[PDB]
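Given next, in structure tokens, is a single chain: the form deposited in one PDB entry.
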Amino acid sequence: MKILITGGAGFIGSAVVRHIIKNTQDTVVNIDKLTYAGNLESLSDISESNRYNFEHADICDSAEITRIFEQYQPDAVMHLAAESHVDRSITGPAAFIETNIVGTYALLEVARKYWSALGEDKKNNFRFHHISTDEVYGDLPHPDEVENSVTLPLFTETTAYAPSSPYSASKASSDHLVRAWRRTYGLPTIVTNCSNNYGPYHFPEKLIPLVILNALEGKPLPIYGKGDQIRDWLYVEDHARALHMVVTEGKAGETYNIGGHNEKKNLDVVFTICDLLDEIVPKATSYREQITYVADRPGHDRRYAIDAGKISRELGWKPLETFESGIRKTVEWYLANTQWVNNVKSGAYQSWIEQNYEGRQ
């Protein structure tokens, strides 16, 4: 099967591309604009395969995207291209509106026109898989707000949308466009929403990769507020396996939440990383001494937790890693990949760091 993938040069996208080339018989055409987050070095292991092709383009460029669909004649689409950092969306929302909302719209239109003109056979098998986030569901009650006995709620596929930030509002909107295109034109679409991902090739602006690298460089480990906020952690390779399973066996018009059932508090995750480094790369003092409490993120969601029961009983997917096994692999990966880290950290990166952390709030 020929799969057209948007955002394949990013964190989760590159994991999807590497998995398809190494473990399946499918082919791939990767469309990526290569923003600060797009890095071809993340696809080094497979860039030479004859079953892989790369196209440097913007999903907002209709004419070029149309040309690409006609040339490769994809059997399915996996849309991962997007602006993904909440902190960047707070100070610079325009890019999120343009890429996440208008960009999805532009891609849906090219796909609709393409799909409508396909032969009976290929037309019935076509699939448009939209990769999304759990953040569209809003915030959940926190352990310190309820009775130490009551069972805390989780995010399910029928939970109401209530996005808190420009980023999550962006994604929630893209989700609506995908489902409306299905109801109005008949486009066979699928939507997935998953929890926080972590692991190899993660850009150094998200919690885990930022903390690991700052620790090794002797810099502060910035905790927003008290660090009691909770997140559900899923190893990126597990997400990749689930995604290929969905685009291949998923049912048109369905939604699947993806996660690993691993609620953890931020501060706890930072301590775990510090203990791992104290063990592997010991020094005069403990890495914990670099931990610093800074001004909280505006509108910060205090707790995310996914209920992946549905995809489990319907597609039979289960994560292979545990947070414990995955977090150690992540730390080891960064220690062994300084070359990749140095190539991703540019002058632009340092500008973002100064903007978001120095003289913070």
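The first residue of the sequence shown is number 1, and the count goes up from there. C-alpha atoms forming the largest set that superposes within 1.5 Å between two forms make up the rigid core.
From this point on, the text means the form deposited in another entry, which you will not see here.
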Of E237, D278, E263, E157, which is the single residue whose C-alpha shifts by 2 angstroms or more between this form and the one not shown after core superposition? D278
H85: Cα shift of 2 Å or greater between this form and the one not shown (core-aligned): yes
Is it true that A76 shifts between this form and the one not shown by 2 Å or more at the Cα, once the core is aligned? no
Is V102 displaced by at least 2 Å at its C-alpha between this form and the one not shown when the rigid core is overlaid? no
Evidently the Cα separation of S89 and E157 changes by 3 Å or more in the other form, so the atoms lie farther
Explain in one word, closer or farther, how the Cα atoms of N196 and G92 are placed in the other form relative to this form, where the distance changes by 3 Å or more. farther
